[PDB]
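Colleague: One structure follows; several queries about it will come next.
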RNA sequence: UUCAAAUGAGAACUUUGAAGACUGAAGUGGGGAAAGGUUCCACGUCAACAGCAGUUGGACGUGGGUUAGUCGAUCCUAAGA
RNA sequence: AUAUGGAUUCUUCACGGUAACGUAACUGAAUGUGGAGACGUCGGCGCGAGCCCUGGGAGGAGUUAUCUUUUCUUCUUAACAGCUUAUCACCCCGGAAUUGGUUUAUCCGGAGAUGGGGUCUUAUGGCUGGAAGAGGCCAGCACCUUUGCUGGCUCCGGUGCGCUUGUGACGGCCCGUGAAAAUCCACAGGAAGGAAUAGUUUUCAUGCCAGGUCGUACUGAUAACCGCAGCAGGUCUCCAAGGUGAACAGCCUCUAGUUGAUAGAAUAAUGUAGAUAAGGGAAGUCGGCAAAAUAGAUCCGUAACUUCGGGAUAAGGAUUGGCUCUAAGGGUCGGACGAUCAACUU
Ligand SMILES: [Zn+2]
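Chains as they are written, first to last, in full-length UniProt numbering: chain A, 9 to 110; chain B, 57 to 142; chain C, 2 to 92; chain D, 2 to 105; chain E, 2 to 78.
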């Protein structure tokens with residue numbers, strides 16, 4: 009009825025080069041994700057966990073990979089990190105923050 | 057109409073010389089009176105080959121051109137080498 | 002109810018053609034569209050097509066008759082006269 | 002929002018030039034010329050259509066078996082199953098009336 | 002293209018003296034509920050038709066590939 | 001309609017990129033019948049021609065190009081000859 | 001042209017079903033008869049297909065000063081083959097006033113209705129093969145070769161007085177009743193011959209051979225045809241997206257296509273096309289010529305005359321934006337309601 013999907017994101021290639029951090033990423037996610045309305049409505053429904061080598065999101069309500077790509081592009085443009093980082097996919101519901109072809 | 061009147065010339069434009077290579081198809085010029093039976097016969101008898109099909113078309117200049125495809129047991133490159141033109 | 006005072010079927014002809022001609026076509030047009038009784042059926046299903054030819058929906062029959070009615074007075078009286086001339090020649 | 006074309010040399014909208022639009026396994030829309038429809042065979046007296054007999058074009062009756070073109074009874078493929086009971090009963094009664102008229 | 006359902010007919014057909022080539026196709030499917038199974042298709046080439054047999058069990062397909070006639074050409078994939 | 005570059009002896013008019021507009025599915029789009037007859041494509045080229053120009057062109061010179069048991073004719077008959 | 005299987009037969013030329021009829025087959029001469037080919041125009045109604053509209057999800061692109069679970073895009077399935085599928089039509093049982101069934105449209109029933117049970121044509125759809133191996137969309141990896149490799153994903157639905165088109169059953173119109181032949185099939189008839197040691201079957205399945213001659217390029221029109229010419233002129237037909245709107249009107253836009261028509265500098269009278277105007281309101285002129293005014297939709301209202309059908313949108317009045325709400329109008333599921341879903345009219 010509420011089978012929880014899992015979204016894992018690799019951040020390594022920018023992280024290990026000083027141009028990224030995962031903790032602000034995870035906090036941004038955990039406070040801008042919407043549920044049924046405005047932000048700040050995550051009552052044991054989604055969970056964001058940072059590890060430094062992977063960011064994991066588990067939800068039970070409405071969620072998708074496109075929502076996550078949307079929020080990530082928002083974060084990157086806010087931090088001025090487009091033109092260098094690009095959000096991609098490797099498997100179904102496994103993503104990574106690769107580099108534009110420098 | 058002997059088999060020396062039927063088959064008149066080979067066609068040697070570099071667009072035709074690619075069918076003999078890839079498609080395995082001999083392009084000939086035959087007489088305006090031959091038909092797809094006589095063309096098959098004359099080719100088979102002159103070069104001892106296995107014809108699979110013949111297509112024809114009456115060109116705007118006035119003559120008639122034939123597309124003679126061979127079977128998988130022959131080689132149009134070698135046959136055109138024997139005739140001389142490549 | 003009565004949507005027209007007097008024109009009836011001829012209401013489609015509008016104002017055109019003159020009054021007396023419409024009054025004349027009214028009788029014939031009411032006659033040539035009514036259903037009549039099949040005699041070999043008992044049912045009221047007869048219906049004209051191709052003037053002179055009257056056809057039964059059921060019963061698949063076909064009769065000849067008037068151009069705007071199944072049987073006209075003239076042929077009725079002709080049949081009466083033949084029916085009268087039948088007995089005097091039977092005996 | 003893709004537009005199609007006739008596929009033969011006849012550019013007019015006649016009876017034999019009828020198009021359907023079809024979606025091919027290559028992602029596109031394409032015309033497809035359909036053929037004319039078939040009429041069911043009719044009773045030889047009744048005028049009605051016949052059961053059992055399959056509906057096709059005239060020539061196509063030359064490639065179908067004999068069971069798709071007939072039934073198992075007298076006048077199996079031409080008459081009506083009710084326009085046959087009648088022509089049985091009438092024959093029987095006429096021969097009977099003949100016999101009685103010859104007796105008297 | 003036709004399709005056969007009974008296996009004896011398939012084996013018989015592989016020995017019609019006119020068939021030369023067969024093909025064994027593997028299809029990764031799912032059984033509509035939870036599990037991915039490996040459906041197998043055997044396709045035998047006639048001379049006016051092409052016949053096909055579909056098997057879901059893997060062991061049965063193994064036994065087919067085993068007891069296929071040893072004179073017929075077979076295109077794996 | 002405008003900017004830059006390229007080619008060229010030579011560029012308002014050829015080619016590419018960038019911008020600005022138009023036809024607006026009863027089209028300035030995609031196909032045919034009759035008719036035309038090589039106008040299709042490639043290479044080269046400017047004496048004349050395309051009512052200014054021209055390195056452009058349906059022009060000029062030289063070559064290439066139309067593949068059917070299933071699409072048409074062929075077969076049938078209509079008005080008629 | 002035929003061979004290999006199958007079916008029929010010693011009752012020589014098959015069985016089942018009460019019946020509509022069914023089938024893998026299951027002989028049929030002369031003559032005769034039938035069916036298809038094979039047919040008008042309009043109106044609304046039902047169904048199907050492509051397109052349009054739209055929800056979830058899996059990838060890619062755009063915008064991000066602020067906002068937007070956001071905007072755009074890919075998510076496809078051919079001829080052909082097998083199983084199955086309906087309005088109509090038909091059969092069996094039954095015997096109907098206390099009159100019933102029924103269409104948007106009024107027709108049907110003792111010449112047997114309603115009801116219960118069956119048979120058929122397969123337009124049209126559904127599933128499987130063809131067929132994912134194709135095509136589409138992504139990621140990584142290698143390059144002075146003109147030529148490549150490996151991974152993935154390609155899924156589940158909704159709606160309708162929508163547009164285009166096919167088709168079914170009906171209704172209306174005619175002093176108008178709306179092609180022929182080639183060709184194919186079947187029926188009646190009962191000639192001839194044959195079986196059981198071999199026939200009959202090429203209308204059951206599979207197997208073999210062949211399919212000749214001519215057209216086939218391009219345009220189809222403000223440059224390819226006809227006009228003396230490269231002439232704002234003439235000439236038959238198919239497909240056809242979103243908004244506003246009653247609408248194939250006018251106005252704007254996506255897919256495709258074009259940017260062709262001598263140019264530069266200034267801005268006199270005149271001419272051509274399009275506009276505004278104080279007070280007056282036809283005094284202008286042969287003459288209200290030319291212009292101006294009216295205009296969609298909803299409501300109140302509407303005369304003389306009349307061949308009673310009309311006149312009539314007569315004439316004369318009033319309203320129309322945006323935003324927040326109210327009432328009315330339906331389906332499908334459980335035997336008074338209970339739950340949920342969907343549309344655009346007043
Ligand atoms: Zn009657």
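Here a beta-carbon is modelled for each residue, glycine too, at the ideal position from N, C-alpha and C.
Can you tell me which residues fall inside 6 Å of ligand 1, judged by beta-carbon distance to its nearest heavy atom, and keep chain order?
Modeller: Those residues are 39/C, 41/C, 42/C, 57/C, 59/C, 60/C and 62/C, given in chain order.
Colleague: Would residue 55/E and residue 67/E qualify as a contact pair, given that the criterion is a beta-carbon distance under 9 Å?
Modeller: Within the fifth chain, numbered from 1, the residue matching residue 55/E stands at position 54. Within the fifth chain, numbered from 1, the residue matching residue 67/E stands at position 66. Not closer than 9 Å, so no.
Colleague: For the stretch 30-44 of chain E against the stretch 75-84 of chain D, are there 3 or more C-beta pairs whose distance is under 8 Å?
Modeller: The stretch 30-44 of chain E is not in contact with the stretch 75-84 of chain D.
Colleague: Under the assumption that residue 125/B contacts residue 91/B (Cβ atoms under 8 Å), give the Cβ distance between them as a whole number of angstroms.
Modeller: In the second chain, residue 125/B corresponds to position 69, counting from 1. In the second chain, residue 91/B corresponds to position 35, counting from 1. Wrong, their Cβ atoms sit about 17 Å apart, outside the cutoff.
Colleague: For residue 128/B, which option in 122/B, 140/B, 85/B and 108/B has the closest C-alpha, if you only look at C-alpha atoms?
Modeller: In the second chain, the residue the question calls residue 128/B occupies position 72. Residue 128/B has its Cα closest to that of 108/B, out of 122/B, 140/B, 85/B and 108/B.
Colleague: I'd like the ranges of any alpha helix (DSSP H) spanning at least 4 consecutive residues and lying wholly in the stretch 42-90 of chain D.
Modeller: List check, alpha helix (DSSP H) in window: nothing returned.
Colleague: Between the alpha carbons of residue 77/C and residue 64/C, how many angstroms are there, rounded?
Modeller: To locate residue 77/C, count along the third chain from 1; it is residue 76. To locate residue 64/C, count along the third chain from 1; it is residue 63. Cα-Cα distance, rounded: 15 Å.
Colleague: Write down the C-beta distance between residue 62/B and residue 87/B rounded to the nearest angstrom, noting that I regard them as a contact closer than 8 Å.
Modeller: Counting from one through the second chain, the residue named residue 62/B turns up at place 6. Counting from one through the second chain, the residue named residue 87/B turns up at place 31. The Cβ separation is near 6 Å, so the contact holds.
Colleague: Can you tell me which residues form a DSSP beta bridge with residue 55/C?
Modeller: For the purposes of this step, residue 55/C is taken as residue 54 along the third chain, with counting starting at 1. Answer is 49/C and 64/C, bridged to residue 55/C.
Colleague: Looking at residue 52/E: is its Cβ nearer than 9 Å to the Cβ of residue 8/E?
Modeller: In the fifth chain, counting from the first residue as 1, residue 52/E sits at position 51. In the fifth chain, counting from the first residue as 1, residue 8/E sits at position 7. No.
Colleague: Taking all protein chains shown into account, do 16 or more other C-beta atoms lie within 10 angstroms of the C-beta of residue 17/D, making it buried, or fewer, making it exposed?
Modeller: Sequence index remark: in the fourth chain, residue 17/D carries index 16 (1-based). Counting Cβ neighbours within 10 Å, residue 17/D comes out exposed, since fewer than 16 surround it.
Colleague: Throw me the rounded Cβ distance for the residue 103/A and residue 27/A pair, which I believe falls under 8 Å.
Modeller: Reading the first chain from its first residue, position 95 is the one you call residue 103/A. Reading the first chain from its first residue, position 19 is the one you call residue 27/A. Contact flag wrong, Cβ pair sits at about 18 Å.
Colleague: Considering only the alpha carbon of each residue, which of 60/E, 23/E and 61/E lies closest to residue 72/E?
Modeller: Residue numbering aside, residue 72/E sits at position 71 when the fifth chain is read from its first letter. For residue 72/E, the nearest C-alpha among the options comes from 23/E.
Colleague: When the distance is taken between beta carbons, is residue 63/A closer than 9 Å to residue 83/A?
Modeller: In the first chain, residue 83/A corresponds to position 75, counting from 1. In the first chain, residue 63/A corresponds to position 55, counting from 1. Not closer than 9 Å, so no.
Colleague: Would you list the residues sitting across from residue 19/D in a DSSP beta bridge?
Modeller: Taking the fourth chain and counting its residues from 1, one reaches residue 19/D at position 18. In DSSP, residue 19/D forms a bridge with 35/D.
Colleague: Counting along the chain, where does the beta strand (DSSP E) carrying residue 64/B start and finish?
Modeller: Along the second chain, one-based indexing puts residue 64/B at 8. Counting along the chain, the beta strand (DSSP E) containing residue 64/B begins and ends at 63-66.
Colleague: Count Cβ pairs between the stretch 58-73 of chain D and the stretch 14-21 of chain E that sit closer than 8 Å; are there 3 or more?
Modeller: The stretch 58-73 of chain D is not in contact with the stretch 14-21 of chain E.
Colleague: Compute the beta-carbon to beta-carbon distance between residue 14/A and residue 66/A, rounded to the nearest angstrom, for a pair I have assumed lies under 8 Å.
Modeller: By one-based count along the first chain, residue 14/A stands at place 6. By one-based count along the first chain, residue 66/A stands at place 58. Right, their Cβ atoms sit about 5 Å apart.
Colleague: Could you give the C-beta distance for residue 12/A and residue 100/A, rounded to a whole number, given that I count them as a contact under 8 Å?
Modeller: As a position in the first chain, residue 12/A is number 4, starting the count at 1. As a position in the first chain, residue 100/A is number 92, starting the count at 1. Actually they are not in contact, since the Cβ atoms of residue 12/A and residue 100/A sit about 15 Å apart, beyond 8 Å.
Colleague: For residue 43/A and residue 58/E, I'd like the C-alpha separation in whole angstroms.
Modeller: Locating residue 43/A in the first chain gives position 35, where the first residue counts as 1. Locating residue 58/E in the fifth chain gives position 57, where the first residue counts as 1. So the two alpha carbons sit approximately 45 Å from each other.
Colleague: Go ahead and label residue 38/D buried or exposed: buried means 16 or more other beta carbons lie within 10 angstroms of its beta carbon, across all protein chains shown.
Modeller: Indexing the fourth chain from 1 puts residue 38/D at position 37. So residue 38/D ends up on the exposed side.
Colleague: How would you label residue 56/D, buried or exposed, when you count the other beta carbons within 10 angstroms and need 16 or more for buried?
Modeller: Here residue 56/D refers to the residue found at position 55 of the fourth chain. The residue in question, residue 56/D, is exposed, as its Cβ has fewer than 16 Cβ neighbours within 10 Å.
Colleague: Which residues share a DSSP beta bridge with residue 10/C?
Modeller: Mapped onto the third chain, residue 10/C falls at position 9. Looking at the DSSP assignment, residue 10/C forms no beta bridge with any residue, so it has no partner.
Colleague: Helix, strand or coil for residue 95/A, going by three-state DSSP, please let me know.
Modeller: As a working note, residue 95/A is residue 87 in the first chain. Residue 95/A falls in the strand class under three-state DSSP.
Colleague: Quick one: give me the first and last residue of the alpha helix (DSSP H) that residue 12/E is part of.
Modeller: Here residue 12/E corresponds to residue number 11 of the fifth chain, with the count starting at 1. Looking at the DSSP string, the run of the alpha helix (DSSP H) that includes residue 12/E is 8-14.
Colleague: Determine, using beta-carbon pairs with one atom in the stretch 9-23 of chain C and one in the stretch 37-52 of chain C, whether at least three such pairs fall under 8 Å.
Modeller: In short, these stretches do not touch, since the Cβ pair count stays below three.
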